[PDB]
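Trainee: One structure, pasted below without further comment.
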Amino acid sequence: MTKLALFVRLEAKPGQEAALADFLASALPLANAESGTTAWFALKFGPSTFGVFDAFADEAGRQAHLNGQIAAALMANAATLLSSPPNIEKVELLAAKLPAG
Amino acid sequence: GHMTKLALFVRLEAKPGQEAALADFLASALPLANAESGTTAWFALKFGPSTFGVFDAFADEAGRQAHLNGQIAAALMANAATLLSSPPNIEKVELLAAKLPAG
């Protein structure tokens, strides 16, 4: 079972809403490449408010994601894309249902 | 898969003294989620001492609505006053992209 997760809410700068949505959608292959990243979701709450939820078997998986390509790419573009600094929330998974793979 | 497109992001605030009870409630709800054929992924969340949640994902509106009207929602509604300091905060979410294990 997946036991650990991360959640981040992301607010787009005026004029960078498409750019942020496209960035998040484009990261899917990067998430598929991360074997320790069990599940990964690019979220849209509203026209300028986006986010990511992802899930891991263990802390090694979670840290590998934070040290990985998607987190890197987001940090490299954050100042361009985002209107406020995002808080990456650590989450404990109390239970999870996923397809078996 | 690109085929899961909708989600809910729910925050739940535990009543003081009820934090363990809410965590336990959520964990015991797993079999109920497992049985929901339209609920592709379902995660019971703990953010902090008294702050919990659910993130769940669906192929379509029918699956999302079946969850909102399902056994977990009913159980939480039956016990809401015992466990929660305010009503669930439920956000409808669109998925731009999603990785799940296959199946």
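Labels for the structure tokens follow display order: chains A, B, ..., residues from 1 in each chain, ligands from 1.
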With the cut-off set at 12 Å and counting only C-alpha atoms, tabulate each residue of chain A with an atom at most that distance from an atom of chain B, showing the nearest atom pair and its distance in Å to one decimal, ordered by chain and increasing number, as a Markdown table.

Mentor:
| residue | atom | partner | partner_atom | distance |
| --- | --- | --- | --- | --- |
| A:1 | CA | B:43 | CA | 10.8 |
| A:2 | CA | B:43 | CA | 9.1 |
| A:3 | CA | B:43 | CA | 9.6 |
| A:4 | CA | B:45 | CA | 9.0 |
| A:5 | CA | B:45 | CA | 8.4 |
| A:6 | CA | B:47 | CA | 9.6 |
| A:7 | CA | B:47 | CA | 9.4 |
| A:8 | CA | B:47 | CA | 11.9 |
| A:9 | CA | B:9 | CA | 11.4 |
| A:18 | CA | B:96 | CA | 11.5 |
| A:20 | CA | B:96 | CA | 10.7 |
| A:21 | CA | B:96 | CA | 7.3 |
| A:22 | CA | B:96 | CA | 8.6 |
| A:23 | CA | B:96 | CA | 10.1 |
| A:24 | CA | B:96 | CA | 7.4 |
| A:25 | CA | B:97 | CA | 5.4 |
| A:26 | CA | B:97 | CA | 8.4 |
| A:27 | CA | B:97 | CA | 8.5 |
| A:28 | CA | B:97 | CA | 6.4 |
| A:29 | CA | B:99 | CA | 8.8 |
| A:30 | CA | B:99 | CA | 10.1 |
| A:31 | CA | B:99 | CA | 7.0 |
| A:32 | CA | B:99 | CA | 6.5 |
| A:33 | CA | B:99 | CA | 10.2 |
| A:34 | CA | B:99 | CA | 10.3 |
| A:35 | CA | B:101 | CA | 10.2 |
| A:36 | CA | B:101 | CA | 11.3 |
| A:37 | CA | B:99 | CA | 8.8 |
| A:38 | CA | B:100 | CA | 6.7 |
| A:39 | CA | B:100 | CA | 4.8 |
| A:40 | CA | B:99 | CA | 5.0 |
| A:41 | CA | B:98 | CA | 4.4 |
| A:42 | CA | B:97 | CA | 5.2 |
| A:43 | CA | B:95 | CA | 4.9 |
| A:44 | CA | B:94 | CA | 5.1 |
| A:45 | CA | B:93 | CA | 5.1 |
| A:46 | CA | B:93 | CA | 8.2 |
| A:47 | CA | B:94 | CA | 10.8 |
| A:49 | CA | B:93 | CA | 10.4 |
| A:50 | CA | B:93 | CA | 9.1 |
| A:51 | CA | B:95 | CA | 9.6 |
| A:52 | CA | B:95 | CA | 9.5 |
| A:53 | CA | B:55 | CA | 8.3 |
| A:54 | CA | B:99 | CA | 9.0 |
| A:55 | CA | B:43 | CA | 8.9 |
| A:56 | CA | B:100 | CA | 11.4 |
| A:88 | CA | B:47 | CA | 11.2 |
| A:89 | CA | B:47 | CA | 7.4 |
| A:90 | CA | B:47 | CA | 6.9 |
| A:91 | CA | B:47 | CA | 5.1 |
| A:92 | CA | B:46 | CA | 5.1 |
| A:93 | CA | B:45 | CA | 4.9 |
| A:94 | CA | B:44 | CA | 5.2 |
| A:95 | CA | B:44 | CA | 5.2 |
| A:96 | CA | B:43 | CA | 4.4 |
| A:97 | CA | B:42 | CA | 5.0 |
| A:98 | CA | B:41 | CA | 4.9 |
| A:99 | CA | B:103 | CA | 5.2 |
| A:100 | CA | B:101 | CA | 6.1 |
| A:101 | CA | B:102 | CA | 3.9 |

Trainee: Would you list the contacts of segment 17-22 of chain B as a list in words, taking every protein, DNA or RNA residue within 8 Å and counting only C-alpha atoms, but skipping same-chain residues closer than 2 positions in sequence?

Mentor: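 Neighbouring residues, sequence-local ones excluded: residues 14, 15, 24, 25, 26, 49, 50, 82, 83 and 84 of chain B.
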
Trainee: Expressed in Å to a single decimal, how great is the separation between atom CA of residue 71 of chain A and atom CA of residue 59 of chain A?

Mentor: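 Interatomic distance, atom CA of residue 71 of chain A to atom CA of residue 59 of chain A: 15.7 Å.
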
Trainee: Which value, in Å to one decimal, gives the distance between atom CA of residue 67 of chain B and atom CA of residue 38 of chain B?

Mentor: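 According to the coordinates, atom CA of residue 67 of chain B and atom CA of residue 38 of chain B are separated by 7.7 Å.
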
Trainee: Kindly give the distance, in Å, that separates atom CA of residue 51 of chain B and atom CA of residue 85 of chain B, rounded to a single decimal.

Mentor: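 It comes out at 10.3 Å.
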
Trainee: Can you list, as a ChimeraX atom specification, all residues belonging to chain B that DSSP tags as strand (DSSP E)?

Mentor: /B:6-13,39-48,51-58,89-99

Trainee: Please save C-alpha atoms of the selected residues as a PDB file, in the first residue's frame.

Mentor:
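Contents of the output file result25.pdb:
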ATOM      1  CA  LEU B   6     -12.469  14.253 -12.186  1.00  0.00           C
ATOM      2  CA  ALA B   7     -11.638  14.421  -8.511  1.00  0.00           C
ATOM      3  CA  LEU B   8     -12.698  15.647  -5.071  1.00  0.00           C
ATOM      4  CA  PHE B   9     -10.437  17.178  -2.552  1.00  0.00           C
ATOM      5  CA  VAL B  10     -12.119  17.069   0.866  1.00  0.00           C
ATOM      6  CA  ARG B  11     -10.802  18.594   4.098  1.00  0.00           C
ATOM      7  CA  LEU B  12     -12.093  17.354   7.435  1.00  0.00           C
ATOM      8  CA  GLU B  13     -11.517  19.084  10.765  1.00  0.00           C
ATOM      9  CA  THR B  39     -14.019   5.391  -7.570  1.00  0.00           C
ATOM     10  CA  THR B  40     -10.754   4.794  -9.404  1.00  0.00           C
ATOM     11  CA  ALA B  41      -8.447   6.030  -6.579  1.00  0.00           C
ATOM     12  CA  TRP B  42      -9.243   7.025  -3.023  1.00  0.00           C
ATOM     13  CA  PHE B  43      -6.836   8.294  -0.389  1.00  0.00           C
ATOM     14  CA  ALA B  44      -7.555   8.955   3.293  1.00  0.00           C
ATOM     15  CA  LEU B  45      -5.348  11.849   4.389  1.00  0.00           C
ATOM     16  CA  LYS B  46      -3.840  13.242   7.557  1.00  0.00           C
ATOM     17  CA  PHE B  47      -2.381  16.753   7.275  1.00  0.00           C
ATOM     18  CA  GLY B  48      -1.788  17.626  10.914  1.00  0.00           C
ATOM     19  CA  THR B  51      -6.749  18.145   9.998  1.00  0.00           C
ATOM     20  CA  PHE B  52      -7.669  15.231   7.750  1.00  0.00           C
ATOM     21  CA  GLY B  53      -9.025  14.718   4.254  1.00  0.00           C
ATOM     22  CA  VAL B  54      -9.811  12.571   1.300  1.00  0.00           C
ATOM     23  CA  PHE B  55      -8.532  12.837  -2.227  1.00  0.00           C
ATOM     24  CA  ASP B  56     -10.398  10.665  -4.702  1.00  0.00           C
ATOM     25  CA  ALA B  57     -10.519  10.327  -8.461  1.00  0.00           C
ATOM     26  CA  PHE B  58     -13.126   9.197 -11.018  1.00  0.00           C
ATOM     27  CA  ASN B  89     -14.988  21.194   2.976  1.00  0.00           C
ATOM     28  CA  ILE B  90     -15.445  19.638  -0.499  1.00  0.00           C
ATOM     29  CA  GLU B  91     -13.693  20.958  -3.612  1.00  0.00           C
ATOM     30  CA  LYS B  92     -14.522  19.698  -7.080  1.00  0.00           C
ATOM     31  CA  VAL B  93     -11.303  19.227  -9.015  1.00  0.00           C
ATOM     32  CA  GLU B  94     -10.489  18.665 -12.707  1.00  0.00           C
ATOM     33  CA  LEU B  95      -7.519  16.481 -13.570  1.00  0.00           C
ATOM     34  CA  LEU B  96      -5.153  17.865 -16.199  1.00  0.00           C
ATOM     35  CA  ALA B  97      -3.184  14.584 -16.076  1.00  0.00           C
ATOM     36  CA  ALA B  98      -2.959  11.500 -13.857  1.00  0.00           C
ATOM     37  CA  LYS B  99      -0.631   8.570 -13.306  1.00  0.00           C
TER      38      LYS B  99
END

Trainee: Between B:75, B:87, B:59, B:80, which residue has the minimum interatomic distance to residue 1 of chain B, considering only C-alpha atoms?

Mentor: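 Of B:75, B:87, B:59, B:80, the one nearest residue 1 of chain B is B:59, counting only C-alpha atoms.
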